[PDB]
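Okay, so here's just one chain, in structure tokens, the form deposited without 2',3'- cyclic AMP (ACK).
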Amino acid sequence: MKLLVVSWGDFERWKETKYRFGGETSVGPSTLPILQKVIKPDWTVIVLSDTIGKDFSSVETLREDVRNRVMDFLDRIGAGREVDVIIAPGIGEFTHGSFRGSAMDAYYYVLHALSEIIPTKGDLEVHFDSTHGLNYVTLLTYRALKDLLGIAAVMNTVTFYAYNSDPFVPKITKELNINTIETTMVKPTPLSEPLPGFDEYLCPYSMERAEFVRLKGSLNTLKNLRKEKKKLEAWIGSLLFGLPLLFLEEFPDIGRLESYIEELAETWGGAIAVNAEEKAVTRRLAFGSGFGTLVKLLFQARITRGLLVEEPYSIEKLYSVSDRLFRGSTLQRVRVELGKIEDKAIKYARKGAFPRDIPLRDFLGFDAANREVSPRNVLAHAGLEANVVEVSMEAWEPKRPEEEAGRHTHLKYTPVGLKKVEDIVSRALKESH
């Protein structure tokens, strides 16, 4: 997959000029046609501001106005119609109208938009053109792209290239070169924010206190997220800290995440007041960090959903899951722990023994000291602490148990144990923020 993303301003006010890029040459007002010719992307994404729109009879007429104007210009230049247009909420008082709201709305809207576009299977080569963009929309688009690509890198290889053209001088300019200003192999960065308190999903920009309290109090999301919060924070922690069994047992409900994001995103869109006479758009609700955390959580869930399997979890499965999610010293300590449990099963098997629903402590043969569940041991033993895990050996007739024991030995958290791990990991996630 090759993805070209382009940050745009007022594309009608652009002058014709020449562009050099990849030994090719292009006469036109925009960088997009030569960028497509050289890079040959599988998909193009154009990111521009609401403040280009010249219609205030509706919020959906305002967008179709902008989308049409963009579709004309793509015919004007040689640009293909294979594109997505993210019409992001911009700010400021213009001659053709007025737009007010949180300036950070643009980030959260593009973040959510890009989460539904960037593929969640396969490698990503990403090209971002910033030549034509507004400073603040281009930073917030750059920030939103990077933050999602980082979650993508956990499971897949992600290369990111960024271009800007030579600055434009009215009639001195003969040919602007399109420079590469970044080429990066994107580091894997799993989500490491806890979900915030219920003040930080939607905030009131221009709305009477009681109306806001009614909208907030109407949201199913905030009600459910109260009871679910800890289990989701336990899942986030299982990627960050190297807990392969917690990852499987705590794997989120994608449908319920999809539900929360759509409810919050719909409430936002609905509270946009477009006053048609006086040419004015007020976004009376602002997005909060909690919306971005949900968008990112659902994107990390989609990226990793391919690893999930049914409820009997074998040491061999935990090995395979671990080799995708983890790297460096985290990957290696996980393998040593699975090693210790695996080697003990091989011993049990040579003796013709197959214990079932036995605590890991009894399975490894520990002393009667320390029945407490400390953060230390839960995090140091890749979440496979001896007082919280239950082991089951599915009976078989060994002949080479060294390669057979992994498929037949299953780990499970106890119902009591899982609650102790969720606290420790949830607290450890919040204490690292």
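Position 1 is the first residue in the sequence shown; the rest follow in order. Each form is matched to the other, and the largest set of C-alpha atoms that superpose within 1.5 Å is called the rigid core. Only residues modelled in both forms are compared.
Below: the form deposited with 2',3'- cyclic AMP (ACK) bound, not depicted.
**Q** Taking the pose of 2',3'- cyclic AMP (ACK) in the bound PDB entry and superposing the surrounding C-alphas, is this site open or blocked by backbone or C-beta atoms within 2.4 Å of 3 or more ligand atoms?
**A** Here the site is open.
**Q** Considering non-hydrogen atoms and a 4.5 Å limit, which listed residue (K340, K229, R100, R327) is close to 2',3'- cyclic AMP (ACK) in the bound PDB entry?
**A** It is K340.
**Q** Taking 2',3'- cyclic AMP (ACK) in the bound PDB entry as the reference, which of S392, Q36, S26, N377 has a non-hydrogen atom within 4.5 Å?
**A** Answer to the contact question: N377.
**Q** Residue-level contact is defined here as any heavy atom of the residue lying within 4.5 Å of 2',3'- cyclic AMP (ACK) in the bound PDB entry; does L360 satisfy this criterion?
**A** Looking in the bound PDB entry, residue contacts with 2',3'- cyclic AMP (ACK) include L360, since a heavy atom lies within 4.5 Å.
**Q** May I ask you to check whether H381 falls inside a 4.5 Å heavy atom distance of 2',3'- cyclic AMP (ACK) in the bound PDB entry?
**A** Heavy-atom contact with 2',3'- cyclic AMP (ACK) at 4.5 Å: present for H381.
**Q** Spell out, yes or no, whether the shortest heavy atom distance between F366 and 2',3'- cyclic AMP (ACK) in the bound PDB entry is within 4.5 Å.
**A** Contact check for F366: yes, within 4.5 Å of 2',3'- cyclic AMP (ACK) in the bound PDB entry.
**Q** In the bound PDB entry, does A386 have a heavy atom within 4.5 Å of 2',3'- cyclic AMP (ACK)?
**A** Yes, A386 sits close enough to 2',3'- cyclic AMP (ACK) in the bound PDB entry that at least one of its heavy atoms falls within 4.5 Å.
**Q** Can you tell me which of 332-340, 283-291, 258-266, 153-161 lies within 4.5 Å of 2',3'- cyclic AMP (ACK) in the bound PDB entry, counting heavy atoms only?
**A** So the stretch in question is 332-340.
**Q** Segments of at least 3 residues with every CA displaced 2 Å or more between the shown form and the other one, core-aligned, in sequence order?
**A** Run with every C-alpha shifted by at least 2 Å: 309-311, nothing else.
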